[PDB]
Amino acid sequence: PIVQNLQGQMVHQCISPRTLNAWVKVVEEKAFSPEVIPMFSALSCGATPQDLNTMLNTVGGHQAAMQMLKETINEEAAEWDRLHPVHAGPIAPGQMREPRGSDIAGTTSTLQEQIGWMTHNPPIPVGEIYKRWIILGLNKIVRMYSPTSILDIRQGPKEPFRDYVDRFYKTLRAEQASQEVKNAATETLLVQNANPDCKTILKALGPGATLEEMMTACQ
């Protein structure tokens, strides 16, 4: 990554053994559960494109997902090149060349080039551009690997309302419902999918009930 030292200048630091192991272990334990994505983003704080490729390449399983991710990255690289074409022909001596899509993705750029860009005044933030493409790709994989439709999450006859609600919002998160839909489902599908006794109590609460209010009512 690039960090500020103890005196305030921006320099390269090697990726740590603790960071490398944290990422490999979270993929082993959680696969593509939705909370893996904010973990990746945090573990890659300050990352160069080289570091981002190291993190992805250290994963041993999930090679169908890693091939889908490559396909997303190539699509974003091709849209960058459409928006930001670069001059062909030789580099001005001692000067920096502009990055192409494959330079952002770390496949045709050196570590020194990447440092040059990220520490320019002002920075050309190649690590953050690439991280956004990767996270776009990862969210597609999360949605693909979500096993269950929200239509099929219904409260069991003896199931505590809290446990049902946990299943419901776990599923909405993996299915990638917008926050608007999440805030709205509370007056609709969450009630419809409740068991008969709780459905009666919720029906009588009326409209405008908060989630806290619904949870206390069916406690």
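If you superpose the two forms and keep the largest set of C-alpha atoms that fall within 1.5 Å, you have the rigid core. The first residue of the sequence shown is number 1, and the count goes up from there.
Greatest C-alpha divergence in 6 other deposited structures of this protein once each structure is fitted on the rigid core, 9-17 or 207-215 | If we average over structures and residues in 6 other deposited structures of this protein, the farther stretch is 9-17.
Establish whether the other compared PDB entries of this protein leave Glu175 unmodelled at least a third of the time.
-> No, none of the compared structures omit it.
Compare the other PDB entries of this protein and indicate whether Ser109 is left unmodelled in at least a third of them.
-> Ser109: modelled in all of the comparison entries.
Which wins on mean Cα temperature factor, 113-121 or 130-138?
-> Taking the mean B-factor of the alpha carbons in each, 113-121 is higher.
Per the PDB record, is the mean Cα temperature factor higher over 53-61 or over 157-165?
-> Looking at the recorded C-alpha B-factors, 157-165 comes out higher on average.
Among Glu187, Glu28, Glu175, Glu35, single out the one with the highest C-alpha B factor in the record, please.
-> Across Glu187, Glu28, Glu175, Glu35, the entry lists the biggest C-alpha B-factor for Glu187.
Select lowest, middle or highest to describe the third in which the CA B-factor of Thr48 falls within its chain in this entry.
-> Its C-alpha B-factor belongs to the lowest third of this chain's values.
Select lowest, middle or highest to describe the third in which the CA B-factor of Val191 falls within its chain in this entry.
-> Its C-alpha B-factor, which the entry lists for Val191, ranks in the middle third among residues of this chain.
Pull the Cα B-factor of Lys170 out of the PDB entry and bin it into the chain's lowest, middle or highest third.
-> Lowest third of the chain for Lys170's C-alpha B-factor.
Would you please rank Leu151 by its C-alpha temperature factor against the other modelled residues of its chain and give the third it falls in: lowest, middle or highest?
-> Ranked within chain, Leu151 CA B lands in the middle tercile.
Which third, lowest, middle or highest, does the CA B-factor of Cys198 fall in along this chain?
-> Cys198: CA B-factor falls in the middle third of its chain.
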